[PDB]
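Novice: Mind having a look at this structure? Questions to follow.
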Amino acid sequence: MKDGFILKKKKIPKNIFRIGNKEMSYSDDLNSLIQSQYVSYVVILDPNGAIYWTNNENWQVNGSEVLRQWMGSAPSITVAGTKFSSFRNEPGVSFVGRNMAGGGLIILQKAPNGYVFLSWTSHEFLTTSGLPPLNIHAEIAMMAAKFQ
(Lines give C-alpha, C1' and ligand atoms only; values in the text may rest on other atoms or scores of the structure.)
Protein backbone atom coordinates (compact mmCIF):
# COMPACT_ATOMS: atom_id res chain seq x y z
CA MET A 1 0.00 0.00 0.00
CA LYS A 2 1.63 3.15 -1.20
CA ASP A 3 0.14 5.93 0.89
CA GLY A 4 0.91 9.55 0.42
CA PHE A 5 2.55 9.53 3.77
CA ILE A 6 4.33 12.72 4.44
CA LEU A 7 5.22 12.70 8.09
CA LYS A 8 6.17 16.03 9.46
CA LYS A 9 8.72 15.33 12.09
CA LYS A 10 10.08 17.52 14.74
CA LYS A 11 13.91 17.23 14.92
CA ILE A 12 13.52 14.43 17.50
CA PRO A 13 12.67 10.68 16.97
CA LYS A 14 9.06 9.46 17.15
CA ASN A 15 9.90 6.44 19.25
CA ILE A 16 12.69 6.01 21.71
CA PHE A 17 14.78 3.32 20.19
CA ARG A 18 17.23 1.15 21.95
CA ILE A 19 20.62 1.95 20.61
CA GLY A 20 22.08 -0.78 18.48
CA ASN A 21 23.05 -3.50 20.97
CA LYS A 22 25.64 -4.59 18.47
CA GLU A 23 29.34 -5.36 19.03
CA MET A 24 32.01 -2.71 19.04
CA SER A 25 34.89 -2.65 16.64
CA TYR A 26 38.22 -2.85 18.51
CA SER A 27 39.63 -0.68 15.70
CA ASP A 28 41.29 -2.71 12.94
CA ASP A 29 39.08 -4.21 10.24
CA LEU A 30 36.82 -1.34 9.34
CA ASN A 31 39.16 1.08 11.16
CA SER A 32 41.25 1.22 8.04
CA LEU A 33 38.41 3.27 6.52
CA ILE A 34 38.02 5.36 9.66
CA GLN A 35 41.67 6.30 9.78
CA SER A 36 41.14 8.19 6.62
CA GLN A 37 41.91 11.61 7.88
CA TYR A 38 41.16 10.65 11.47
CA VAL A 39 37.39 10.41 11.56
CA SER A 40 35.74 8.80 14.57
CA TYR A 41 33.38 6.29 12.99
CA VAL A 42 32.30 5.17 9.58
CA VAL A 43 29.41 2.96 8.81
CA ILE A 44 29.44 0.75 5.79
CA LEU A 45 26.36 -0.70 4.29
CA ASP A 46 25.56 -3.68 2.20
CA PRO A 47 24.46 -3.28 -1.48
CA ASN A 48 20.87 -3.91 -0.33
CA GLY A 49 20.87 -0.95 1.98
CA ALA A 50 21.48 -2.72 5.22
CA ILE A 51 24.31 -2.12 7.50
CA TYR A 52 27.46 -4.06 7.52
CA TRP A 53 28.35 -2.71 10.93
CA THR A 54 28.12 0.59 12.74
CA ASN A 55 30.84 1.31 15.18
CA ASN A 56 29.94 4.18 17.46
CA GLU A 57 29.08 2.95 20.98
CA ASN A 58 25.75 1.80 19.66
CA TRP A 59 24.83 4.30 16.99
CA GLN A 60 21.83 3.02 15.35
CA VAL A 61 22.09 3.07 11.62
CA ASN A 62 18.80 1.82 10.58
CA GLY A 63 20.00 1.81 6.96
CA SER A 64 16.55 1.93 5.52
CA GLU A 65 15.66 5.24 7.26
CA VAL A 66 19.23 6.50 7.23
CA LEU A 67 19.02 6.35 3.45
CA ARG A 68 15.30 7.25 3.18
CA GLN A 69 14.93 10.14 5.62
CA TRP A 70 17.12 12.30 3.51
CA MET A 71 14.45 12.05 0.86
CA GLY A 72 11.88 13.63 3.07
CA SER A 73 12.83 17.25 2.31
CA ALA A 74 14.16 17.28 5.83
CA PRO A 75 17.27 19.35 6.56
CA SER A 76 17.59 17.41 9.74
CA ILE A 77 18.02 13.71 10.05
CA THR A 78 17.38 12.28 13.48
CA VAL A 79 19.03 9.01 13.97
CA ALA A 80 20.16 7.65 17.32
CA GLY A 81 18.20 10.54 18.81
CA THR A 82 20.37 13.14 17.26
CA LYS A 83 19.26 15.74 14.76
CA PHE A 84 21.90 16.17 12.11
CA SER A 85 21.08 19.55 10.58
CA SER A 86 22.55 19.75 7.11
CA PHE A 87 25.46 22.02 6.21
CA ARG A 88 25.19 21.05 2.59
CA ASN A 89 22.08 19.56 1.17
CA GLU A 90 23.06 17.34 -1.70
CA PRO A 91 20.82 14.36 -2.35
CA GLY A 92 22.89 11.46 -3.56
CA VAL A 93 26.07 13.47 -3.86
CA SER A 94 26.70 13.30 -0.11
CA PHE A 95 25.06 15.30 2.52
CA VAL A 96 26.75 16.80 5.47
CA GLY A 97 24.74 16.91 8.67
CA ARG A 98 25.55 18.85 11.81
CA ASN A 99 25.18 17.26 15.05
CA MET A 100 23.28 20.31 16.33
CA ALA A 101 23.51 18.46 19.61
CA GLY A 102 26.58 16.60 20.59
CA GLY A 103 28.80 18.45 18.20
CA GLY A 104 30.01 16.95 14.97
CA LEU A 105 29.16 16.23 11.38
CA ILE A 106 27.80 13.08 9.65
CA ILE A 107 28.67 12.77 5.92
CA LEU A 108 26.77 10.19 3.86
CA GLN A 109 27.20 9.17 0.26
CA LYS A 110 24.37 7.38 -1.33
CA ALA A 111 24.96 4.71 -3.85
CA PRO A 112 21.45 4.35 -5.55
CA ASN A 113 21.24 0.67 -4.58
CA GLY A 114 20.94 1.16 -0.86
CA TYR A 115 24.53 1.20 0.09
CA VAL A 116 25.30 4.41 1.89
CA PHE A 117 28.47 5.43 3.54
CA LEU A 118 28.23 7.58 6.53
CA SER A 119 31.29 8.95 8.10
CA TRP A 120 31.66 11.11 11.09
CA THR A 121 34.37 13.48 11.80
CA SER A 122 35.53 14.04 15.38
CA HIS A 123 34.12 16.92 17.39
CA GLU A 124 37.73 17.86 18.05
CA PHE A 125 38.61 17.55 14.38
CA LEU A 126 35.32 19.39 13.59
CA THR A 127 37.15 22.64 13.13
CA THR A 128 39.36 20.81 10.72
CA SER A 129 36.41 19.44 8.75
CA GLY A 130 35.84 22.33 6.45
CA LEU A 131 39.35 23.68 6.86
CA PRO A 132 40.66 21.80 3.74
CA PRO A 133 38.03 22.04 0.95
CA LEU A 134 37.00 18.38 0.91
CA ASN A 135 39.23 16.66 3.53
CA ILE A 136 37.00 13.88 4.75
CA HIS A 137 34.27 14.31 2.17
CA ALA A 138 36.58 13.07 -0.60
CA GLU A 139 36.72 9.63 0.98
CA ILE A 140 32.96 9.41 0.85
CA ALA A 141 31.32 10.89 -2.29
CA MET A 142 33.94 9.36 -4.48
CA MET A 143 34.28 5.82 -3.22
CA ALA A 144 30.67 4.92 -2.47
CA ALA A 145 29.47 6.70 -5.58
CA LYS A 146 31.48 4.44 -7.81
CA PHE A 147 30.84 1.37 -5.75
CA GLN A 148 27.17 0.85 -6.29
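The chains in the C-alpha coordinates are called A, B, ... from first to last as shown; in each chain the residues are counted from 1, and the ligands are counted from 1 in the order shown.
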Just the residues within 12 Å of region 26-43 of chain A, please, counting only C-alpha atoms, with nothing from its chain fewer than 5 positions along; format it as a ChimeraX atom specification.
Specialist: /A:49-63,66,104-109,115-126,128-129,132,134-140,143-144
Novice: Would you please work out which residue, of A:64, A:78, A:113, A:94, is nearest to residue 141 (chain A) when using only C-alpha atoms?
Specialist: A:94
Novice: Compare A:130, A:114, A:81, A:72 by their minimum atom-to-atom distance to residue 96 (chain A), counting only C-alpha atoms, and give me the closest one.
Specialist: A:130
Novice: Using only C-alpha atoms, which residues sit within 9 Å of residue 83 (chain A) once same-chain residues fewer than 4 positions away are excluded, as a count of residues only?
Specialist: 12
Novice: Enumerate as a ChimeraX atom specification all residues of chain A assigned to helix (DSSP H, G or I) by DSSP on the backbone, naming them with the chain letters and numbers the document uses.
Specialist: /A:31-34,63-71,138-141,143-146
Novice: Which one is closest to residue 73 (chain A): A:18, A:88, A:8, A:146? Count only C-alpha atoms.
Specialist: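 Among A:18, A:88, A:8, A:146, it is A:8 that comes nearest to residue 73 (chain A).
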Novice: Counting only C-alpha atoms, which residue out of A:93, A:85, A:110, A:4 sits closest to residue 67 (chain A)?
Specialist: A:110
Novice: Between CA of residue 71 (chain A) and CA of residue 24 (chain A), what is the spacing in Å?
Specialist: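 Between CA of residue 24 (chain A) and CA of residue 71 (chain A) the gap works out to 29.3 Å.
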Novice: Rank nothing, just name the residue among A:90, A:148, A:2, A:80 nearest to residue 65 (chain A), using only C-alpha atoms.
Specialist: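 Among A:90, A:148, A:2, A:80, it is A:80 that comes nearest to residue 65 (chain A).
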Novice: Using only C-alpha atoms for the distances, tell me which of A:82, A:45, A:3, A:75 is nearest to residue 17 (chain A).
Specialist: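 Among A:82, A:45, A:3, A:75, it is A:82 that comes nearest to residue 17 (chain A).
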Novice: Could you pull out the strand (DSSP E or B) residues of region 31-139 of chain A from DSSP and send them as a ChimeraX atom specification?
Specialist: /A:39-45,51-53,76-79,82-88,95-99,105-110,116-121
Novice: I need the residues from that last selection saved to file as a JSON list (two decimals), in the first residue's frame (with N, CA and C atoms), if you can.
Specialist:
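part.json written:
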[["chain", "number", "residue", "atom", "x", "y", "z"],
["A", 39, "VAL", "N", 38.78, 10.26, 11.21],
["A", 39, "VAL", "CA", 37.39, 10.41, 11.56],
["A", 39, "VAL", "C", 37.10, 9.47, 12.74],
["A", 40, "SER", "N", 35.97, 9.59, 13.38],
["A", 40, "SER", "CA", 35.74, 8.80, 14.57],
["A", 40, "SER", "C", 35.03, 7.48, 14.28],
["A", 41, "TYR", "N", 34.10, 7.49, 13.35],
["A", 41, "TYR", "CA", 33.38, 6.29, 12.99],
["A", 41, "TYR", "C", 32.87, 6.39, 11.59],
["A", 42, "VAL", "N", 32.83, 5.26, 10.92],
["A", 42, "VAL", "CA", 32.30, 5.17, 9.58],
["A", 42, "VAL", "C", 31.39, 3.97, 9.55],
["A", 43, "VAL", "N", 30.29, 4.08, 8.90],
["A", 43, "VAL", "CA", 29.41, 2.96, 8.81],
["A", 43, "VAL", "C", 29.25, 2.55, 7.37],
["A", 44, "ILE", "N", 29.52, 1.29, 7.12],
["A", 44, "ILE", "CA", 29.44, 0.75, 5.79],
["A", 44, "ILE", "C", 28.14, 0.00, 5.67],
["A", 45, "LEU", "N", 27.52, 0.08, 4.54],
["A", 45, "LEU", "CA", 26.36, -0.70, 4.29],
["A", 45, "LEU", "C", 26.62, -1.81, 3.30],
["A", 51, "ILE", "N", 23.00, -2.34, 6.97],
["A", 51, "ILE", "CA", 24.31, -2.12, 7.50],
["A", 51, "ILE", "C", 25.20, -3.32, 7.57],
["A", 52, "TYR", "N", 26.46, -3.07, 7.33],
["A", 52, "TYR", "CA", 27.46, -4.06, 7.52],
["A", 52, "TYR", "C", 27.75, -4.07, 9.01],
["A", 53, "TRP", "N", 28.14, -2.90, 9.52],
["A", 53, "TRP", "CA", 28.35, -2.71, 10.93],
["A", 53, "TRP", "C", 28.55, -1.23, 11.21],
["A", 76, "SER", "N", 17.20, 17.96, 8.50],
["A", 76, "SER", "CA", 17.59, 17.41, 9.74],
["A", 76, "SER", "C", 17.22, 15.93, 9.78],
["A", 77, "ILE", "N", 18.20, 15.12, 9.93],
["A", 77, "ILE", "CA", 18.02, 13.71, 10.05],
["A", 77, "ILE", "C", 18.21, 13.34, 11.52],
["A", 78, "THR", "N", 17.27, 12.66, 12.10],
["A", 78, "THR", "CA", 17.38, 12.28, 13.48],
["A", 78, "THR", "C", 17.50, 10.80, 13.63],
["A", 79, "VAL", "N", 18.71, 10.38, 13.80],
["A", 79, "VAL", "CA", 19.03, 9.01, 13.97],
["A", 79, "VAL", "C", 19.82, 8.90, 15.24],
["A", 82, "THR", "N", 19.67, 11.93, 17.52],
["A", 82, "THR", "CA", 20.37, 13.14, 17.26],
["A", 82, "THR", "C", 19.99, 13.72, 15.91],
["A", 83, "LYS", "N", 19.66, 14.99, 15.93],
["A", 83, "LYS", "CA", 19.26, 15.74, 14.76],
["A", 83, "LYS", "C", 20.46, 16.34, 14.02],
["A", 84, "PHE", "N", 20.87, 15.68, 12.98],
["A", 84, "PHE", "CA", 21.90, 16.17, 12.11],
["A", 84, "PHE", "C", 21.29, 17.20, 11.13],
["A", 85, "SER", "N", 21.57, 18.45, 11.38],
["A", 85, "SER", "CA", 21.08, 19.55, 10.58],
["A", 85, "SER", "C", 22.10, 19.82, 9.47],
["A", 86, "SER", "N", 21.69, 19.68, 8.26],
["A", 86, "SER", "CA", 22.55, 19.75, 7.11],
["A", 86, "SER", "C", 23.32, 21.08, 6.92],
["A", 87, "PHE", "N", 24.60, 20.93, 6.63],
["A", 87, "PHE", "CA", 25.46, 22.02, 6.21],
["A", 87, "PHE", "C", 25.20, 22.18, 4.74],
["A", 88, "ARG", "N", 25.40, 21.09, 4.02],
["A", 88, "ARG", "CA", 25.19, 21.05, 2.59],
["A", 88, "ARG", "C", 24.13, 20.04, 2.30],
["A", 95, "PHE", "N", 25.59, 14.27, 1.72],
["A", 95, "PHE", "CA", 25.06, 15.30, 2.52],
["A", 95, "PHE", "C", 25.85, 15.38, 3.79],
["A", 96, "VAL", "N", 25.97, 16.56, 4.30],
["A", 96, "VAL", "CA", 26.75, 16.80, 5.47],
["A", 96, "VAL", "C", 25.81, 17.30, 6.56],
["A", 97, "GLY", "N", 25.65, 16.55, 7.60],
["A", 97, "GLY", "CA", 24.74, 16.91, 8.67],
["A", 97, "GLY", "C", 25.44, 17.29, 9.95],
["A", 98, "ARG", "N", 24.98, 18.34, 10.59],
["A", 98, "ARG", "CA", 25.55, 18.85, 11.81],
["A", 98, "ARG", "C", 24.90, 18.23, 12.95],
["A", 99, "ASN", "N", 25.67, 17.69, 13.80],
["A", 99, "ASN", "CA", 25.18, 17.26, 15.05],
["A", 99, "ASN", "C", 24.96, 18.48, 15.89],
["A", 105, "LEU", "N", 29.80, 16.28, 12.68],
["A", 105, "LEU", "CA", 29.16, 16.23, 11.38],
["A", 105, "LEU", "C", 29.16, 14.82, 10.74],
["A", 106, "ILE", "N", 27.97, 14.37, 10.34],
["A", 106, "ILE", "CA", 27.80, 13.08, 9.65],
["A", 106, "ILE", "C", 27.80, 13.33, 8.13],
["A", 107, "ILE", "N", 28.61, 12.61, 7.38],
["A", 107, "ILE", "CA", 28.67, 12.77, 5.92],
["A", 107, "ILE", "C", 28.27, 11.44, 5.28],
["A", 108, "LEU", "N", 27.23, 11.44, 4.47],
["A", 108, "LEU", "CA", 26.77, 10.19, 3.86],
["A", 108, "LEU", "C", 26.68, 10.29, 2.36],
["A", 109, "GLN", "N", 27.31, 9.34, 1.69],
["A", 109, "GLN", "CA", 27.20, 9.17, 0.26],
["A", 109, "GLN", "C", 26.18, 8.12, -0.01],
["A", 110, "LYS", "N", 25.40, 8.30, -1.04],
["A", 110, "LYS", "CA", 24.37, 7.38, -1.33],
["A", 110, "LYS", "C", 24.54, 6.73, -2.68],
["A", 116, "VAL", "N", 25.00, 3.06, 1.55],
["A", 116, "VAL", "CA", 25.30, 4.41, 1.89],
["A", 116, "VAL", "C", 26.50, 4.40, 2.79],
["A", 117, "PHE", "N", 27.28, 5.43, 2.76],
["A", 117, "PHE", "CA", 28.47, 5.43, 3.54],
["A", 117, "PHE", "C", 28.46, 6.64, 4.39],
["A", 118, "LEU", "N", 28.25, 6.46, 5.65],
["A", 118, "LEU", "CA", 28.23, 7.58, 6.53],
["A", 118, "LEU", "C", 29.47, 7.62, 7.37],
["A", 119, "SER", "N", 30.10, 8.73, 7.36],
["A", 119, "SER", "CA", 31.29, 8.95, 8.10],
["A", 119, "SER", "C", 31.03, 10.04, 9.10],
["A", 120, "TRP", "N", 31.80, 10.08, 10.13],
["A", 120, "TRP", "CA", 31.66, 11.11, 11.09],
["A", 120, "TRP", "C", 33.00, 11.60, 11.49],
["A", 121, "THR", "N", 33.13, 12.86, 11.50],
["A", 121, "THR", "CA", 34.37, 13.48, 11.80],
["A", 121, "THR", "C", 34.32, 13.97, 13.23]]
